[PDB]
Amino acid sequence: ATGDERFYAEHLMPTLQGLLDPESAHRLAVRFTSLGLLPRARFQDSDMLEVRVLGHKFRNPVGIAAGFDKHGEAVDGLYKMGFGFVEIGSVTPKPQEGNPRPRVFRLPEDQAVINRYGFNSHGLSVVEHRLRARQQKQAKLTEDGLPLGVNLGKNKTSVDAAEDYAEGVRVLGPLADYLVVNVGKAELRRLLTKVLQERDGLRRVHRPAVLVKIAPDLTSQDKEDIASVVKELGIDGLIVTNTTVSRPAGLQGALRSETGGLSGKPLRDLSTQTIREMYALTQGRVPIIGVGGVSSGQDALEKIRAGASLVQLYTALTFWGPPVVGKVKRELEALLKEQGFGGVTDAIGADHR
Ligand SMILES: Cc1cc2nc3c(=O)[nH]c(=O)nc-3n(C[C@H](O)[C@H](O)[C@H](O)COP(=O)(O)O)c2cc1C
Ligand SMILES: Cc1cc(=O)oc2c1ccc1oc([C@@H](O)c3ccccc3)c(-c3ccccc3)c12
Ligand SMILES: O=C(O)c1cc(=O)[nH]c(=O)[nH]1
């Protein structure tokens, strides 16, 4: 542990939580990040942490999950924080406000958050122009092993969900290294067929990978159906998982019964187990980005061994601050060595073998 890590986790973040309501804290974090007002990320990525997947090189396997930079305002700051890849969004076709405030809640006793933002979004056009302003800068970053993902949502009032996602593919697909869609079976197949057709219609230099992001709350039937459709259609990857609408026994936070998705430590092993299941259902042939409750190297390695090629974190920033990124990377590198892995790649799915 560095001095910065301990200072942030033990002193600064608890103090700042006392001063800032959750959505204010989130907004101020985005602003600070976008301006580069960050502690030094002195951790230097080693070759051990490099991963090749989804048609790209990732300098390190620790990404920022969707929902932090919903509108593409802080991408460069997020790379400066040490993330190996950045996912923005969710972005909806038309701008929309989301749910009324308050809509974000901290459960500090649980190292958890509950949110019901409701896909607040500046909309595709605004984000398109924001990404266009730095498109060549991003091309260089991606070439250097720092890819960009875009998570596509749908508007609240949309009649045709597939058409909302198709619009996102057309508008932000050409600016992304990968796209994400959050998810009967025939209907899923029809939607993903439309998304992939739109993707395939982009010019080759502008053609992203397409991933499906799933919730931790799906039935066994749902998961078997998704695995089947993903393999049938050649979906490029899975993101496992979004937040949970479950409320695990043992939550202590006063706000535990707020409506919304639960993230952070109580989601962690639900997410890891869903990774394990999806890796098995897809025979290890479909790359998985593992996400949910990662706040340490052990957490990251458990997801990688369960089947994830990459991981993301988000909620841990609330409690550990920006130094958590270097913390997870340093700890992951140490554990890989301790467990006889040459690098991240050797550890992917190692539990299944
Ligand atoms: C405040 C907040 C907002 C989020 N918004 C989105 C979103 O817009 N799209 C999405 O796919 N996931 C969203 N997520 C889910 C995260 O991407 C991630 O899947 C989940 O929080 C689990 O990771 P974590 O425990 O490390 O936070 C959001 C999560 C939080 C906490
Ligand atoms: C969703 C959300 C809720 C929340 O209550 O706080 C959040 C939330 C989402 C992301 C967050 O990141 C930070 C922080 O680590 C940070 C990162 C980058 C720059 C500057 C600061 C806080 C943070 C900031 C201040 C006080 C408490 C927490 C935070
Ligand atoms: O905007 C939101 O409410 C949101 C979207 C999402 O995909 N996941 C989440 O937890 N919140």
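One-based numbering along the sequence shown.
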task = Run the salt-bridge test on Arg256 and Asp110 with the 4.0 Å N-O cut-off and return the result as yes or no.
result = no
OG1 of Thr157 to CD of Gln96, rounded to nearest 0.5 Å, is 7.5 Å
For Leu148 and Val75, the nearest pair of non-hydrogen atoms, with its separation, is CD1-CG1, 4.0 Å
State, yes or no, whether a side-chain contact exists between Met278 and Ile226 at a heavy-atom distance under 4.5 Å. yes
Within a 6.0 Å radius of atom NZ on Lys213, are there more than 12 heavy atoms belonging to other residues, nucleotides or ligands? yes
Note: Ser263 and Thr243 closest approach over all heavy atoms is CB-CG2, 3.8 Å
Do you reckon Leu202 sits in the same ILVMFWY cluster as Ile235, going by side-chain contacts under 4.5 Å, direct or chained? yes
- [ ] Could you please spell out the steps behind the side chain to side chain contact (heavy atoms under 4.5 Å, CB included) verdict for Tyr79 and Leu141?
- [x] CA-CA 9 Å; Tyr79 292 123; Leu141 286 162; 3.9 Å; yes
Any donor-acceptor N/O pair, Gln138 side chain to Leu175 backbone, under 3.5 Å: no
* Is there a donor-acceptor contact under 3.5 Å linking the side chains of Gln273 and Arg276? -> yes
Give me the ring orientation class for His56 and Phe58: parallel if the planes are under 30° apart, tilted from 30 to 60°, perpendicular past 60°.
perpendicular
- So with a 6.0 Å cut-off around CD of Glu10, is the heavy-atom count from everything else above 12? yes
Close side-chain approach of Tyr165 to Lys194, heavy-atom, < 4.5 Å:
no
* Run the salt-bridge test on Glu163 and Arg170 with the 4.0 Å N-O cut-off and return the result as yes or no. => yes
Worksheet item: When you measure from the side chain of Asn155 to the backbone N and O of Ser158, does any donor-acceptor pair fall under 3.5 Å?
Response: no
Applying the 4.5 Å side-chain criterion to the ILVMFWY set and letting contacts propagate, would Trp320 and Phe7 be lumped into a single cluster? no
Go through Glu50 and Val344 one step at a time and tell me if the side chain to side chain contact (heavy atoms under 4.5 Å, CB included) criterion holds.
CA-CA 7 Å; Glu50 182 179 313; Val344 175; over 6 Å; no
Pairwise side-chain contact, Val91 with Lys70, heavy-atom cut-off 4.5 Å (strictly under): no
Is there a donor-acceptor pair under 3.5 Å between the side chain of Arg116 and the backbone N or O of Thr259?
yes
- prompt: Going through the distances and angles, do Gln339 and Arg305 end up as a side chain to side chain contact (heavy atoms under 4.5 Å, CB included)?
  reply: CA-CA 11 Å; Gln339 293 179 20; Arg305 292 181 58 127; 2.9 Å; yes
Side chain to side chain contact (heavy atoms under 4.5 Å, CB included) assessment of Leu313 paired with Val291
CA-CA 6 Å; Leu313 63 81; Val291 51; over 6 Å; no
**Study point:** Side-chain donor/acceptor of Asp164 to backbone N/O of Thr92, under 3.5 Å
**Key:** no
Fill in: Within 6.0 Å of CZ in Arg353, more than 12 heavy atoms from elsewhere
yes
Quiz item: With distance as the sole test, does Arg130 use its side chain to make a donor-acceptor pair with the main-chain N or O of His71 at under 3.5 Å?
Solution: yes
### Message
Contact between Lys303 and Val294 at the side-chain level, heavy atoms closer than 4.5 Å - yes or no?
### Response
yes
* Asked: Hey, is the main chain of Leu20 close enough, under 3.5 Å, to the side chain of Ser24 for a donor-acceptor pair?
  -> no
Closest non-hydrogen contact found for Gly82 with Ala41 is N-CB, 4.5 Å
Contacts satisfying ring pair (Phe, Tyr, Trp, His ring centres under 6.0 Å) that involve residues 330-353 (not counting sequence neighbours) are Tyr279-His352
When every non-hydrogen atom of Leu301 is compared with those of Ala347, the smallest separation belongs to CD1-CB, 4.0 Å
**Request:** Evaluate whether atom CD of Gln44 has more than 12 neighbouring non-hydrogen atoms of other residues, nucleotides or ligands under 6.0 angstrom away.
**Result:** no
Minimal heavy-atom distance between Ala227 and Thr282, with the atoms involved, is CB-CG2, 4.0 Å
Residues at least two apart in sequence or cross-chain that pass salt bridge (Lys or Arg N to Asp or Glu O under 4.0 Å) with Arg268, listed by chain then number, are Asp299
Worksheet entry | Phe85 vs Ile289 side-chain heavy atoms within contact, under 4.5 Å | yes
Excluding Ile114, membership of its hydrophobic cluster (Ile, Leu, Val, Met, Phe, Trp, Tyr; side-chain heavy atoms within less than 4.5 Å) reads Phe105, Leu107, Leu251, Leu255, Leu262
For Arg40, the salt bridge (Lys or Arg N to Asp or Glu O under 4.0 Å) test, sequence neighbours excluded, returns none
Can you confirm whether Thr33 sits close enough to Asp76 that some side-chain heavy atom of one is under 4.5 Å from a side-chain heavy atom of the other? no
Taking the side chain as C-beta and beyond, is there a heavy-atom pair between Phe319 and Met13 under 4.5 Å?
-> no
Any donor-acceptor pair under 3.5 Å linking the side chain of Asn60 with the backbone of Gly84? yes
Got more than 12 heavy atoms from elsewhere within 6.0 Å of NZ, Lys185? yes
Tell me whether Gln252 contacts the main-chain N or O of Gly250 through its side chain, where contact means a donor paired with an acceptor under 3.5 Å.
yes
In the single-linkage hydrophobic clustering (I, L, V, M, F, W, Y; side-chain heavy atoms under 4.5 Å), do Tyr8 and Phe68 co-cluster?
no
Around atom CZ of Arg6, are there more than 12 heavy atoms of other residues, nucleotides or ligands at under 6.0 Å? no
Exactly one candidate in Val286, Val53, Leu54 meets side-chain contact (heavy atoms from CB on, under 4.5 Å) with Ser309; the answer is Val53
Measure the shortest side-chain to side-chain distance between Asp21 and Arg101 over non-hydrogen atoms and say whether it is less than 4.5 angstrom. yes
Test your reading of the model: is there a side-chain donor-acceptor pair from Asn99 to the backbone of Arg103, 3.5 Å cut-off? no
- prompt: Judged by atom type as modelled, is there a donor-acceptor pair below 3.5 Å linking the side chain of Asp69 to the main-chain atoms of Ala74?
  reply: yes
Do you see a donor-acceptor pair shorter than 3.5 Å between the side chains of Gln283 and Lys231? yes
Notebook entry, point to check: Taking atom CZ of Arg31 as the centre, does the number of heavy atoms from other residues, nucleotides or ligands within less than 6.0 Å exceed 12?
Noted result: no
Can you confirm whether the side chains of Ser228 and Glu224 place a donor and an acceptor under 3.5 Å from each other?
no
Looking at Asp225 and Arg189, is any side-chain nitrogen of the basic one under 4.0 Å from a carboxylate oxygen of the acidic one?
no
So the salt bridge (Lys or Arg N to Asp or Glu O under 4.0 Å) pairs with at least one residue in residues 327-344 (sequence neighbours excluded) are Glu5-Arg330, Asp45-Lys329, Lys327-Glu331, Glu333-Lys337
So CG of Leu179 and CD of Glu198: to nearest 0.5 Å the spacing works out to 11.5 Å
Only one of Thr345, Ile288, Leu332 passes side-chain contact (heavy atoms from CB on, under 4.5 Å) with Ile304, and that residue is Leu332
Applying salt bridge (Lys or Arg N to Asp or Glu O under 4.0 Å) to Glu109 and not counting sequence neighbours gives none
On a heavy-atom basis, the closest approach of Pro61 and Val51 is CB-CG2, 4.1 Å
Result for side-chain contact (heavy atoms from CB on, under 4.5 Å) between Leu267 and one of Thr241, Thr274, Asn242, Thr315 points to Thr241
